[PDB]
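K.L.:
Have a look at this one before I ask anything.
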Amino acid sequence: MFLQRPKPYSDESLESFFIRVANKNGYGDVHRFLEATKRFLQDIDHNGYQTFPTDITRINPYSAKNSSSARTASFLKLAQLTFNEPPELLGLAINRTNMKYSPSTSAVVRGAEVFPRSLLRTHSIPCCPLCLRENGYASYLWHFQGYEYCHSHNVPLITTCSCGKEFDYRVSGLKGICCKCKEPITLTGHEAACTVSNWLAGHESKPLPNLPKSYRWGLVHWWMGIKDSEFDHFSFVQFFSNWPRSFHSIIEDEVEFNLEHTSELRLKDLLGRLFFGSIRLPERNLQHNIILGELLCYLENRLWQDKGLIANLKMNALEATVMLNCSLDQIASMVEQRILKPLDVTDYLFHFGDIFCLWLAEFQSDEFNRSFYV
Amino acid sequence: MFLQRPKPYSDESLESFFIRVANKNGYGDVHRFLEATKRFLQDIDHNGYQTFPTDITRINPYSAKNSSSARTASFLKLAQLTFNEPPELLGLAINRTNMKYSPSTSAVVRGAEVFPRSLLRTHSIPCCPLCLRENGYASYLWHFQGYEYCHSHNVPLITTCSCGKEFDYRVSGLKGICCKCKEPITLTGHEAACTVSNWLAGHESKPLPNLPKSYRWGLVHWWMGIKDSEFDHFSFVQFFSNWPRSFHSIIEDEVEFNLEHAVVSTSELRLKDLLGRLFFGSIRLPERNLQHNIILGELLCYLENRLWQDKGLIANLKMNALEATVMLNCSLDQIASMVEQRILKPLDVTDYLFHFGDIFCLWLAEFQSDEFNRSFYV
Ligand SMILES: [Zn+2]
Ligand SMILES: [Zn+2]
Ligand SMILES: [Zn+2]
Ligand SMILES: [Zn+2]
């Protein structure tokens with residue numbers, strides 16, 4: 001099998017790429033192309049040829065149950081041999097990853113960007129028909145929730161045609177023609193959703209902060225946890241218009257709520273929601289995680305105020321490893337040599353001011369250290 | 001106790017800062033200032049006041065054995081109370097850290113920069129007397145090996161006066177006057193050491209790569225491991241003048257050397273028997289961020305286009321379960337789980353049951369991150 005690479009685009013999704021390779025190389029559809037691709041992987045003795053799908057929907061490596069390592073070996077084999085000039089196909093796929101969010105949400109990764117798993121669309125993929133007839137392909141941003149408007153046309157996305165039928169471009173091509181009525185779909189204008197769509201796309205959108213793309217999706221997942229509901233585009237832009245003193249206003253109202261509802265107060269009894277729900281979003285890089293960077297800025301100037309209220313909050317050995325980013329073996333070693341001053345791992349024997357100053361002594365890094373929020 | 005902050009400088013060392021606070025606040029030396037500082041920490045009921053040293057040599061928190069957590073609480077207490085305007089003193093100290101280098105070298109951290117532990121000077125600290133009489137303080141770069149010339153005066157550092165006596169600024173002040181002869185020290189000019197000194201200082205030095213300061217010291221420790229000797233300033237700049245095709249020339253010569261001298265059947269070849277030196281000596285320098293670790297980023301670039309060439313020579317290299325966790329950055333509990341559900345295809349942990357091409361593609365499937373992923377060396 002010998003193929004031709006189409007016009008490359010670094011924002012094209014993986015399912016939109018196989019349609020354009022099949023249409024350029026004269027195949028009938030993408031079902032035929034993947035079935036002929038599985039035939040080629042059999043002929044050169046690939047170990048997981050039989051797990052290569054003929055369905056466009058399950059092509060991505062998060063779809064594969066145990067073929068995840070054989071799927072990316074299959075994707076790396078095709079880009080090196082079957083093309084006149086080697087394409088980029090691993091950079092368009094959505095891989096699983098071991099990275100977790102706060103508190104326990106898993107994640108997926110696409111090239112140089114990490115997405116939340118819960119914000120991945122799985123029922124029906126919306127689309128913009130203006131991009132389908134100008135760019136000629138589909139973007140990866142249509143697979144994730146929150147991205148509701150087009151960042152370059154300011155038009156809302158479509159999930160249903162005028163005849164009640166849905167339109168999925170993976171099964172109905174890239175042209176924009178419906179299946180039942182075989183007609184182009186008629187379109188269905190705000191500003192707050194347009195700003196977030198231009199912000200999630202990777203461009204500078206004010207007043208939203210200039211963050212890497214892995215961190216911009218972490219704030220959207222974090223904002224859905226604060227309101228404890230779905231994502232609101234209006235209150236999200238307004239919250240960062242008063243940055244950082246709007247985020248300071250919440251933490252004051254949370255500690256006034258939990259004090260009224262004192263030497264026995266724990267860290268999970270006063271700051272159990274804000275602190276543990278902001279550690280890994282996606283990681284502890286305080287240069288880019290502005291939520292954990294500002295929360296540690298607020299708790300630094302309040303350690304020994306109010307007779308040491310914050311610095312005397314009790315902690316376990318489990319939740320000490322979450323803050324210090326270490327293991328229970330190093331915690332049990334630091335009670336042997338007693339760098340950390342007092343074993344039951346679920347026992348409250350440590351104070352927050354001692355854990356905060358142990359981090360400034362033995363557990364800083366080049367990314368998780370205090371020198372960014374100064 | 002009420003003190004005055006001197007002129008602040010973000011490159012001043014910690015031992016040079018306490019001398020300038022004591023000289024501004026009218027103390028006699030730094031020995032009577034730290035001893036008066038220990039007296040203040042006793043008066044406000046600090047838990048580790050009795051471990052606060054009166055020696056300026058052991059003022060850094062890596063010198064404290066068990067009281068390293070009490071030392072940084074002592075440093076955080078002084079900056080908040082005893083000054084008219086709060087200084088920055090935790091940012092000048094040299095803390096220990098849990099970060100290891102390759103293969104097993106420990107590390108220290110100073111603010112936003114991680115240093116190798118073995119490159120930390122412990123016998124005698126050299127100095128530049130021109131910076132002592134112009135800037136008025138000392139820099140932290142004088143505490144680390146490799147930094148041999150001044151990056152702004154291009155003069156070699158001094159460890160010995162003209163009368164045979166050493167000059168340590170921690171015990172002899174910041175002026176530049178010797179102890180025996182009480183005279184200023186007479187100085188003792190290349191280019192290759194001047195480039196590395198301007199590169200380790202944090203400025204752009206060509207042809208050396210634009211890296212963060214935590215990674216620039218990692219290359220110097222790595223270059224001492226390749227030659228298996230001390231650091232050479234001439235061959236270091238020349239090696240990055242032919243980047244990356246000079247580093248490609250070594251890996252070709254290593255796999256040709258190892259294959260010819262292999263003691264086992266070409267199919268029984270292991271990853272430690274062919275690439276045991278280059279791969280395991282480049283994982284954590286300091287970490288796996290392939291955006292800035294250009295050694296591991298280029299070694300995985302070279303081994304990607306050679307997996308199934310030569311009848312799958314690289315992709316059939318045997319690995320253990322121990323050295324699978326080093327590459328995947330995981331634990332032995334997740335490895336034992338992936339032999340239960342069999343995402344990874346075959347328990348004795350020191351047994352060679354896995355191939356390198358399967359571990360490399362399992363990483364592209366289940367173990368990428370925002371920093372350790374393939375999308376940087378494309
Ligand atoms: Zn659009
Ligand atoms: Zn229709
Ligand atoms: Zn200079
Ligand atoms: Zn002299």
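By convention here, the chains of the structure tokens are called A, B, ... in the order presented, each chain's residues are numbered starting at 1, and ligands are numbered starting at 1 in the order presented.
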Find the spatial neighbours of residue 25 of chain A, counting only C-alpha atoms, within a cut-off of 12 Å - ignore same-chain residues fewer than 2 positions away - and output them as number ranges by chain.
P.N.:
A: 1-6, 18-23, 27-30, 32-33, 36, 82-83
K.L.:
Kindly save the residues from that selection, with N, CA and C atoms included, as a compact mmCIF listing (two decimals), in the first residue's frame.
P.N.:
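So out05.txt came out as:
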```
# COMPACT_ATOMS: atom_id res chain seq x y z
N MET A 1 0.83 -1.20 0.00
CA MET A 1 0.00 0.00 0.00
C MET A 1 0.87 1.25 0.00
N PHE A 2 0.56 2.19 -0.90
CA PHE A 2 1.31 3.43 -1.04
C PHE A 2 0.32 4.57 -1.13
N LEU A 3 0.47 5.57 -0.26
CA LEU A 3 -0.52 6.61 -0.09
C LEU A 3 0.10 7.99 -0.30
N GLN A 4 -0.75 9.01 -0.31
CA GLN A 4 -0.34 10.39 -0.49
C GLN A 4 -0.87 11.22 0.68
N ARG A 5 0.01 12.01 1.29
CA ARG A 5 -0.43 12.86 2.39
C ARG A 5 -1.21 14.06 1.84
N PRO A 6 -2.38 14.37 2.40
CA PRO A 6 -3.07 15.62 2.04
C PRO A 6 -2.44 16.84 2.67
N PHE A 18 -8.23 10.70 8.56
CA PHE A 18 -8.42 9.49 7.78
C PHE A 18 -9.47 9.65 6.68
N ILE A 19 -10.41 10.58 6.84
CA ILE A 19 -11.36 10.86 5.78
C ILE A 19 -10.67 11.56 4.62
N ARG A 20 -9.75 12.48 4.92
CA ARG A 20 -9.04 13.21 3.88
C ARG A 20 -7.96 12.38 3.19
N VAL A 21 -7.40 11.38 3.87
CA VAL A 21 -6.46 10.48 3.21
C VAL A 21 -7.20 9.55 2.27
N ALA A 22 -8.38 9.08 2.68
CA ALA A 22 -9.16 8.16 1.85
C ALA A 22 -9.75 8.86 0.64
N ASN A 23 -10.14 10.13 0.79
CA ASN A 23 -10.70 10.87 -0.34
C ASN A 23 -9.63 11.28 -1.34
N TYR A 27 -10.34 6.12 -2.34
CA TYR A 27 -11.18 5.11 -1.73
C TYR A 27 -12.63 5.57 -1.69
N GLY A 28 -13.52 4.65 -1.35
CA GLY A 28 -14.94 4.95 -1.34
C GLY A 28 -15.37 5.73 -0.11
N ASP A 29 -14.96 5.26 1.06
CA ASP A 29 -15.27 5.93 2.31
C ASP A 29 -14.10 5.69 3.27
N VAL A 30 -14.33 5.95 4.55
CA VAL A 30 -13.30 5.66 5.54
C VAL A 30 -13.44 4.23 6.08
N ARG A 32 -13.86 1.59 4.24
CA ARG A 32 -13.03 0.82 3.28
C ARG A 32 -11.54 1.08 3.55
N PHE A 33 -11.17 2.33 3.81
CA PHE A 33 -9.74 2.70 4.02
C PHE A 33 -9.16 2.00 5.26
N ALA A 36 -8.75 -1.69 4.54
CA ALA A 36 -7.56 -1.91 3.74
C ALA A 36 -6.28 -1.62 4.51
N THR A 82 4.09 4.01 4.50
CA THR A 82 3.07 4.05 3.46
C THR A 82 2.91 5.40 2.78
N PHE A 83 3.74 6.38 3.12
CA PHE A 83 3.59 7.72 2.58
C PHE A 83 4.85 8.15 1.85
```
K.L.:
Only residues of chain A matter here; which ones have an atom within 7 Å of chain B, counting only C-alpha atoms? Give them as a PyMOL selection string.
P.N.:
chain A and resi 61+66+68-69+72-73+91+95-99+111-114+337-339+357-358+361-364+366+371
K.L.:
Show me which residues are within 12 Å of ligand 2 counting only C-alpha atoms and all ligand atoms, and format the list as a list in words.
P.N.:
residues 158, 159, 160, 161, 162, 163, 164, 165, 166, 167, 168, 172, 176, 177, 178, 179, 180, 181, 182, 183, 184, 185, 186 and 187 of chain A
K.L.:
Let me have all residues with an atom within 12 Å of ligand 4, counting only C-alpha atoms and all ligand atoms, laid out as a PyMOL selection string.
P.N.:
chain B and resi 129+158-167+176-188
K.L.:
Pick out each residue of segment 15-170 of chain A that DSSP on the backbone tags as strand (DSSP E or B); I need them as a ChimeraX atom specification.
P.N.:
/A:83,95-100,106-109,114-116,120,127,139,144,149,156,158,160,166
K.L.:
Name the residues of segment 271-309 of chain B that fall into helix (DSSP H, G or I) according to DSSP on the backbone, using the chain letters and numbers of this document, as a PDB file with N, CA, C and O atoms, in the first residue's frame.
P.N.:
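After the write, out06.pdb holds the following:
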```
ATOM      1  N   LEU B 271      18.573  -4.315  27.194  1.00  0.00           N
ATOM      2  CA  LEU B 271      18.684  -2.866  27.072  1.00  0.00           C
ATOM      3  C   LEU B 271      19.901  -2.340  27.823  1.00  0.00           C
ATOM      4  O   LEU B 271      20.530  -1.370  27.383  1.00  0.00           O
ATOM      5  N   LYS B 272      20.268  -2.982  28.930  1.00  0.00           N
ATOM      6  CA  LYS B 272      21.478  -2.620  29.653  1.00  0.00           C
ATOM      7  C   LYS B 272      22.743  -3.167  29.005  1.00  0.00           C
ATOM      8  O   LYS B 272      23.843  -2.777  29.409  1.00  0.00           O
ATOM      9  N   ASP B 273      22.618  -4.055  28.022  1.00  0.00           N
ATOM     10  CA  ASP B 273      23.776  -4.612  27.337  1.00  0.00           C
ATOM     11  C   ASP B 273      24.121  -3.869  26.056  1.00  0.00           C
ATOM     12  O   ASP B 273      25.206  -4.083  25.504  1.00  0.00           O
ATOM     13  N   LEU B 274      23.232  -3.013  25.571  1.00  0.00           N
ATOM     14  CA  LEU B 274      23.468  -2.237  24.362  1.00  0.00           C
ATOM     15  C   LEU B 274      23.411  -0.739  24.603  1.00  0.00           C
ATOM     16  O   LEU B 274      24.246  -0.003  24.074  1.00  0.00           O
ATOM     17  N   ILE B 294      17.306  18.049  26.596  1.00  0.00           N
ATOM     18  CA  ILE B 294      17.570  17.796  25.182  1.00  0.00           C
ATOM     19  C   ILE B 294      18.363  16.523  24.941  1.00  0.00           C
ATOM     20  O   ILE B 294      18.469  16.086  23.791  1.00  0.00           O
ATOM     21  N   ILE B 295      18.925  15.915  25.984  1.00  0.00           N
ATOM     22  CA  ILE B 295      19.645  14.660  25.803  1.00  0.00           C
ATOM     23  C   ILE B 295      18.672  13.497  25.684  1.00  0.00           C
ATOM     24  O   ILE B 295      18.777  12.671  24.771  1.00  0.00           O
ATOM     25  N   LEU B 296      17.708  13.418  26.600  1.00  0.00           N
ATOM     26  CA  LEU B 296      16.708  12.363  26.521  1.00  0.00           C
ATOM     27  C   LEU B 296      15.719  12.624  25.393  1.00  0.00           C
ATOM     28  O   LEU B 296      15.152  11.678  24.835  1.00  0.00           O
ATOM     29  N   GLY B 297      15.515  13.892  25.033  1.00  0.00           N
ATOM     30  CA  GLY B 297      14.630  14.208  23.928  1.00  0.00           C
ATOM     31  C   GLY B 297      15.196  13.823  22.577  1.00  0.00           C
ATOM     32  O   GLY B 297      14.444  13.478  21.663  1.00  0.00           O
ATOM     33  N   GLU B 298      16.518  13.866  22.430  1.00  0.00           N
ATOM     34  CA  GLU B 298      17.154  13.491  21.176  1.00  0.00           C
ATOM     35  C   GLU B 298      17.465  12.001  21.117  1.00  0.00           C
ATOM     36  O   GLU B 298      17.477  11.420  20.026  1.00  0.00           O
ATOM     37  N   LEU B 299      17.692  11.366  22.270  1.00  0.00           N
ATOM     38  CA  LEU B 299      17.914   9.922  22.293  1.00  0.00           C
ATOM     39  C   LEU B 299      16.637   9.160  21.961  1.00  0.00           C
ATOM     40  O   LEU B 299      16.684   8.126  21.285  1.00  0.00           O
ATOM     41  N   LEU B 300      15.486   9.655  22.413  1.00  0.00           N
ATOM     42  CA  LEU B 300      14.221   9.069  21.992  1.00  0.00           C
ATOM     43  C   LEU B 300      13.859   9.442  20.561  1.00  0.00           C
ATOM     44  O   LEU B 300      13.055   8.741  19.938  1.00  0.00           O
ATOM     45  N   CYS B 301      14.425  10.527  20.035  1.00  0.00           N
ATOM     46  CA  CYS B 301      14.254  10.839  18.619  1.00  0.00           C
ATOM     47  C   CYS B 301      15.061   9.884  17.756  1.00  0.00           C
ATOM     48  O   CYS B 301      14.624   9.503  16.664  1.00  0.00           O
ATOM     49  N   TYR B 302      16.243   9.488  18.229  1.00  0.00           N
ATOM     50  CA  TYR B 302      17.091   8.585  17.458  1.00  0.00           C
ATOM     51  C   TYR B 302      16.554   7.162  17.487  1.00  0.00           C
ATOM     52  O   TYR B 302      16.642   6.440  16.488  1.00  0.00           O
TER      53      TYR B 302
END
```
K.L.:
As a ChimeraX atom specification, please: every protein or nucleic acid residue near ligand 1 (cut-off 6 Å, counting only C-alpha atoms and all ligand atoms).
P.N.:
/A:128,130-131,150,153
K.L.:
Could you write those residues out with N, CA, C and O atoms, as an mmCIF file, in the first residue's frame?
P.N.:
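result-v2.cif written:
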```
data_model
loop_
_atom_site.group_PDB
_atom_site.id
_atom_site.type_symbol
_atom_site.label_atom_id
_atom_site.label_comp_id
_atom_site.auth_asym_id
_atom_site.auth_seq_id
_atom_site.Cartn_x
_atom_site.Cartn_y
_atom_site.Cartn_z
ATOM 1 N N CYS A 128 -19.131 22.849 13.090
ATOM 2 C CA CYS A 128 -19.402 24.138 12.466
ATOM 3 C C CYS A 128 -19.360 23.960 10.957
ATOM 4 O O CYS A 128 -18.285 23.660 10.405
ATOM 5 N N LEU A 130 -19.463 26.122 8.588
ATOM 6 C CA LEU A 130 -18.693 27.136 7.879
ATOM 7 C C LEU A 130 -17.223 26.751 7.800
ATOM 8 O O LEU A 130 -16.556 27.028 6.795
ATOM 9 N N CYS A 131 -16.699 26.112 8.848
ATOM 10 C CA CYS A 131 -15.324 25.631 8.806
ATOM 11 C C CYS A 131 -15.187 24.417 7.898
ATOM 12 O O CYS A 131 -14.112 24.183 7.334
ATOM 13 N N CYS A 150 -17.846 28.891 17.741
ATOM 14 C CA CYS A 150 -16.645 28.929 16.924
ATOM 15 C C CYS A 150 -15.792 30.130 17.305
ATOM 16 O O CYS A 150 -16.297 31.244 17.473
ATOM 17 N N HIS A 153 -15.655 32.223 13.744
ATOM 18 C CA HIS A 153 -16.877 32.627 13.066
ATOM 19 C C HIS A 153 -17.965 33.120 14.007
ATOM 20 O O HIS A 153 -18.940 33.711 13.524
#
```
K.L.:
Hey, could you make a per-residue contact list for chain B against ligand 3 with 6 Å as the cut-off, showing the nearest pair of atoms and its distance in Å to one decimal, counting only C-alpha atoms and all ligand atoms, sorted by chain and number, as JSON lines?
P.N.:
```
{"residue": "B:131", "atom": "CA", "partner": "ligand 3", "partner_atom_place_in_ligand_line": "1 (Zn)", "distance": 5.8}
{"residue": "B:150", "atom": "CA", "partner": "ligand 3", "partner_atom_place_in_ligand_line": "1 (Zn)", "distance": 5.2}
{"residue": "B:151", "atom": "CA", "partner": "ligand 3", "partner_atom_place_in_ligand_line": "1 (Zn)", "distance": 5.3}
{"residue": "B:152", "atom": "CA", "partner": "ligand 3", "partner_atom_place_in_ligand_line": "1 (Zn)", "distance": 3.1}
{"residue": "B:153", "atom": "CA", "partner": "ligand 3", "partner_atom_place_in_ligand_line": "1 (Zn)", "distance": 4.1}
```
K.L.:
Write the selection just made, keeping N, CA, C and O atoms, as a CSV table (one decimal), in the first residue's frame?
P.N.:
```csv
chain,number,residue,atom,x,y,z
B,131,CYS,N,34.8,41.8,41.8
B,131,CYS,CA,33.4,41.9,42.1
B,131,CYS,C,33.2,42.3,43.6
B,131,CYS,O,32.2,43.0,43.9
B,150,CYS,N,35.2,34.5,35.9
B,150,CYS,CA,34.1,35.5,36.1
B,150,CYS,C,33.4,35.7,34.8
B,150,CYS,O,34.0,35.9,33.7
B,151,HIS,N,32.1,35.7,34.8
B,151,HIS,CA,31.3,35.9,33.6
B,151,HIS,C,31.1,37.3,33.2
B,151,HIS,O,30.5,37.6,32.1
B,152,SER,N,31.6,38.3,34.0
B,152,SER,CA,31.6,39.7,33.6
B,152,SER,C,32.9,40.4,33.6
B,152,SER,O,33.0,41.5,33.1
B,153,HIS,N,34.0,39.8,34.2
B,153,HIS,CA,35.3,40.3,34.2
B,153,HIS,C,36.3,39.5,33.4
B,153,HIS,O,37.4,40.0,33.2
```
K.L.:
Mind checking which residues fall within 6 Å of residue 54 of chain A, counting only C-alpha atoms, ignoring those fewer than 6 positions away in the same chain, and posting them as a ChimeraX atom specification?
P.N.:
/A:31,34-35
K.L.:
Dump N, CA and C atoms for the selected residues as a short mmCIF file (atom, residue, chain, number, x, y, z; two decimals), in the first residue's frame?
P.N.:
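After the write, result-v6.cif holds the following:
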```cif
data_model
loop_
_atom_site.label_atom_id
_atom_site.label_comp_id
_atom_site.auth_asym_id
_atom_site.auth_seq_id
_atom_site.Cartn_x
_atom_site.Cartn_y
_atom_site.Cartn_z
N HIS A 31 -14.63 3.64 5.94
CA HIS A 31 -14.79 2.24 6.41
C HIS A 31 -13.88 1.34 5.56
N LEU A 34 -9.89 1.99 6.38
CA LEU A 34 -9.38 1.35 7.58
C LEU A 34 -9.33 -0.17 7.43
N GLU A 35 -10.25 -0.72 6.64
CA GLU A 35 -10.26 -2.16 6.41
C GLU A 35 -9.13 -2.57 5.47
#
```
K.L.:
Would you pick out the contacts of segment 22-27 of chain B at 8 Å or less, using only C-alpha atoms, so that residues sharing its chain but fewer than 4 positions from it are not included, and give the list as a PyMOL selection string?
P.N.:
chain B and resi 3-4+6+18+32-33
K.L.:
Quick check, in Å to one decimal: how far apart do atom CA of residue 239 of chain B and atom CA of residue 208 of chain B lie?
P.N.:
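Those two atoms sit 9.2 Å apart.
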K.L.:
If we count only C-alpha atoms and set the cut-off at 7 Å, which residues sit around residue 79 of chain B, ignoring sequence neighbours fewer than 6 positions away in its own chain? Please answer as a ChimeraX atom specification.
P.N.:
/B:86-87,89
K.L.:
Name the closest residue to residue 300 of chain A among the candidates A:344, A:360, A:287, A:335; distances are taken between atoms, counting only C-alpha atoms.
P.N.:
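Nearest candidate to residue 300 of chain A out of A:344, A:360, A:287, A:335: A:360.
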K.L.:
In Å to one decimal, how far is atom CA of residue 316 of chain A from atom CA of residue 345 of chain A?
P.N.:
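Distance between the two atoms: 6.5 Å.
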